[PDB]
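Residues 31 to 92, 101 to 254, numbered by the authors' numbering, are exactly what the sequence shown covers, in order.
Encoded as structure tokens, the structure appears first; notes follow it.
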Amino acid sequence: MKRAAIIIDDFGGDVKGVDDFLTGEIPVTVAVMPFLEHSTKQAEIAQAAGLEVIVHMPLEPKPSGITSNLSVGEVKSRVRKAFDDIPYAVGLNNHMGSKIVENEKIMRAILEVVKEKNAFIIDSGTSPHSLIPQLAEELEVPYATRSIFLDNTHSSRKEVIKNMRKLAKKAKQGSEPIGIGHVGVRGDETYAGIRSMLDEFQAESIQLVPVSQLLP
Ligand SMILES: [Zn+2]
């Protein structure tokens with residue numbers, strides 16, 4: 031066998047795809063945005079269905103989220119509450135954060151809380167000289183980066199199958215990639231088609247695995 035992991039971002043609210051993923055037929059890691067009406071509960075349902083859970087942390091691109107204008111103190115406080123809000127969370131993922139992720143001061147604060155929680159961090163590859171690898175290597179926080187790309191702002195069932203197979207290429211090649219998809223508007227589409235590709239993955243000896251298992 032050869033391993034790969036899928037993270038599904040953007041849980042927390044009642045958007046398309048969440049019930050489907052939360053039954054736990056597919057081996058995905060659930061990334062919950064905190065402070066939403068159902069953040070805590072979806073986290074609790076994911077755990078009972080046997081799915082790993084991480085915090086999907088809202089950072090600003092180029101809403102008690104992480105903005106450029108926050109003190110280090112305010113950042114750590116916000117991230118501590120997000121972990122409290124998401125039970126079972128073993129790690130953290132960056133919701134967007136194009137700009138915050140080039141900010142050493144604030145990214146440092148974030149990774150310091152992550153370490154306090156003995157958690158890891160996944161760089162959901164929002165951009166292009168991310169500071170996470172460097173920072174997570176110094177502070178001794180396990181980290182890994184997205185490979186793709188499951189999903190997008192305007193994605194279709196076919197398009198998702200096409201990216202599952204790309205994911206498959208990288209996996210047969212043995213580099214243990216991480217795929218990232220989304221619940222939300224396009225979100226039944228990404229469940230359908232991830233689900234439709236499980237048999238093929240099994241057949242080509244690829245196993246889906248909680249992202250944690252593919253650290254350090
Ligand atoms: Zn997101």
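C-beta: ideal position from N, C-alpha, C; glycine also.
Quick check on DSSP: helix, strand or coil for residue i?
i	result
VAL48	helix
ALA120	helix
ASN131	strand
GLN245	strand
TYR229	helix
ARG203	helix
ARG33	strand
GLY111	helix
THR70	helix
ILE75	helix
From residue i to residue j, what does the alpha carbon distance come to, in whole angstroms?
i	j	result
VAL113	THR105	9 Å
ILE84	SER193	23 Å
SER234	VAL45	21 Å
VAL110	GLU90	15 Å
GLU74	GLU142	33 Å
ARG184	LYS208	12 Å
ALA120	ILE36	22 Å
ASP226	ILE159	27 Å
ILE216	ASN107	31 Å
residue 255	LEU66	Nothing in the structure corresponds to residue 255, since the chain is present only between 31 and 254.
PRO248	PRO101	28 Å
According to DSSP, residue i sits in a beta bridge with which residue or residues?
i	result
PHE41	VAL62
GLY80	Beta-bridge pairing links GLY80 to no other residue.
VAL85	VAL62, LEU130
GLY219	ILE38
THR183	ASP161
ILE104	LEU89
(request) Pick out the complete beta strand (DSSP E) segments inside the segment 137–178, 3 residues or longer, and give them in chain order. (result) When DSSP assignments are scanned along the segment 137–178, the uninterrupted stretches of beta strand (DSSP E) that are 3 or more residues long and fall wholly within it turn out to be 158–161.
(request) Could you name the residues whose beta carbon sits closer than 6 Å to any heavy atom belonging to ligand 1, keeping them in chain order? (result) Output, sorted by chain position: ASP39, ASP40, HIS86, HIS133.
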